[PDB]
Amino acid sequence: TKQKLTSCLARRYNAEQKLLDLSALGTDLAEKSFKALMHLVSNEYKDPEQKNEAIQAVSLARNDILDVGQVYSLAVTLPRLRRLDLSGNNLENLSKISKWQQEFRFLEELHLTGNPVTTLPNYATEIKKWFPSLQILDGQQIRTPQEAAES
């Protein structure tokens, strides 16, 4: 199991992009199954600094995620995450993201394309407010680099 999960994580890690691709896990999801992955990624690195530098980006795209509570511990495991892809899930409104208020303080790029929350009137305004380092939301620049240097 640990061997199988470790092998899966290795196959899904792109060193060149510093990216851990956890998209579409159901095709090879559950909070306790996700917690297990997070425990394994935490155990990989003896130095948190190396972990922080190795995994700068994560995709959780296409996982039928209804609430970020489902994958909450990503915020604990990778507090210095810079890029996050949550595209192609089913996050319906801002309350489905609010469990990550005050987390991902260093996140610079966020993708929510394909989630219903993106079409609500206060979407971009609130997401900008909640994540102070965010420069790109769905490919749209929402903070200039100088703006972000001050946020």
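The first residue of the shown sequence is 1; numbering continues from there.
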| property | result |
| --- | --- |
| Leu29 preceded by how many uncoordinated deposited residues after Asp28 | 10 or more |
| Greater mean Cα temperature factor according to the PDB record, 7-15 or 132-140 | 7-15 |
| Comparing 118-126 with 79-87, the one whose average Cα B-factor in the PDB entry is higher | 118-126 |
| Options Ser59, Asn93, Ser33, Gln101 - largest CA temperature factor per the record | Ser33 |
| Candidate residues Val41, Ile97, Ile65, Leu110, the one whose C-alpha B factor the record puts highest | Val41 |
| Within-chain third of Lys46 by Cα B-factor, per the entry | highest |
